[PDB]
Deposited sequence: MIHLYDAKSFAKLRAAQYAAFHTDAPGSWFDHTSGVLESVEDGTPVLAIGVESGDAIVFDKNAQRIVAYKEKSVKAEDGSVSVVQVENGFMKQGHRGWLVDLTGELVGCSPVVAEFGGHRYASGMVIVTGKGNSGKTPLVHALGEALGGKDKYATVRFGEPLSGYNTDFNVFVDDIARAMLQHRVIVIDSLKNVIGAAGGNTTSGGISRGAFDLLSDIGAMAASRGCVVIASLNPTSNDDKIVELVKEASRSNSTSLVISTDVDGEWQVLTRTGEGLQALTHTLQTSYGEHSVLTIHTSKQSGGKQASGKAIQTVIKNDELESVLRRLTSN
C-alpha cells in the first residue's frame, strides 16, 4: 500500500530500517512473520507466485496449493481493497507476492537473517556469481549451512544435467513457495536456466522482495561466462538491481566478495570471504565493516 511521510515520520522509518539490519536479533524478523502466518485461518491464500505462462499459483500457510477459493475482499488501511480469488487451480483476481500483510508499516528493510564470522547477513536474494577458477555450487551450500546456524537449510534444485534435478519451471516455483513459507535459509541451484519466459521474468522481479518481506534468505548460484552481450548483460542487471546481496569471486582463488544492501536508501556494506575445500569437495568459510560507494559497484561488475 502507499505510505505518507513528513520530515519527522520519515526520520523514524530510516531509524527503524537501520535497526532492522544493524541491531535487531539475527533471524528475529523471520520468527515474527512465522507468527503472522500462523495466525491466518486455514485455507486463506498467503502467497501467489508466477508459473511459466504468467498465470499465478497460490498457497496457504501450510504450503498447500489452493484449487478453489471464492472471492474475498479486505479493506486495507489506505482505503485500498485487496481482492483474492482462486479458480480451477489458478489465481483469478489478485497479485503476485504475499497476499497477507507481513510488513505493515515497516517497509524497505533488509532484515538481518544471520550473523556469521562476525558479519551480519541480510535476508532477500543473494546472488552468487562471477567468472574464473572459483566454483559457485560449493559456496551456496557452504554459505547456506553457515547462515543456517542451528537450523537446517532448504535446497531447491533446478536445471542441471544431474540425477534428481527438476527441469520443469512450474515444479521449480512450487519449490520456492514451500521453501519461503517454511524455512529461513533457502538455496537455489541453479538460477541459470531461468535466464526467458513471462513467469521466469516474474521470478527475477518478485523473489527478492518476497524473501526480504519474509525475512528468509534465498541464495542462488548464477553462472554467466557466456560472453554474449545479449545474455551476459541480463546476468549483470539481475545481479545489479534484482538482488539484495551479491557474492562474487575474485582473482585470488577461494576468495569471494560480499556486497550487502542494508536497506532502502542506506549504505551498501562490503566484506571479503576466504574459503578452502575439504573431503568430497565440501567447502568451508573461514572466520579470522567497510562502506562501499557507487562507481565501485560498477568497477566490481567485470564479468566480461
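> Going from the first residue of the deposited sequence to the last, where are the unmodelled runs?
According to the deposited record, C-alpha coordinates are absent for 196 to 206, 300 to 312, 329 to 331, which together make up the missing parts.
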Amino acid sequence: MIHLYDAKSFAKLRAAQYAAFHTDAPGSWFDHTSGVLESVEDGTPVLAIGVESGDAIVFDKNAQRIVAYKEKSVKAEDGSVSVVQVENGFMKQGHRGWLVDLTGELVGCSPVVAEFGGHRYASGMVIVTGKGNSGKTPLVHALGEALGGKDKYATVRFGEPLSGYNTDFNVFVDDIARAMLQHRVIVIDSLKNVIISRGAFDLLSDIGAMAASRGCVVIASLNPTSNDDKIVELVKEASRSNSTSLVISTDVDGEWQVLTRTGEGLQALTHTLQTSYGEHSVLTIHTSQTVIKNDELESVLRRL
From here on, numbers count along this sequence of modelled residues.
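> For the stretches 137 to 145 and 74 to 82, which has the higher mean C-alpha B-factor as given in the deposited record?
According to the PDB entry, the answer is 74 to 82.
> Do the C-alpha atoms of 276 to 284 or of 12 to 20 have the higher average B factor in the entry?
The stretch with the larger average C-alpha B-factor is 276 to 284.
> Out of 4, 1, 7, 297, whose C-alpha atom has the biggest B factor in the entry?
Top of the list by C-alpha B-factor: 297.
> Go through 199, 208, 111, 94 one by one and give the residue whose Cα B-factor in the PDB entry is largest.
199 has the highest C-alpha B-factor of those listed.
> Compare the C-alpha B factor of residue 116 with those of the other modelled residues in its chain, then answer lowest, middle or highest third.
It falls in the middle third of the chain.
> Place residue 226 in the lowest, middle or highest third of its chain's C-alpha B-factors, as listed in the PDB entry.
Its C-alpha B-factor, which the entry lists for residue 226, ranks in the highest third among residues of this chain.
> Would the CA B-factor of residue 152 place it in the lowest, middle or highest third of its chain?
Lowest third.
> By the recorded C-alpha temperature factor, relative to the other modelled residues in its chain, which third is residue 28 in?
Bottom third by C-alpha B-factor.
> Taking the values exactly as deposited, rank residue 161 by C-alpha B-factor within its chain and report the matching third: lowest, middle or highest.
For residue 161, whose C-alpha B-factor we compare with every modelled residue in the chain, the answer is the lowest third.
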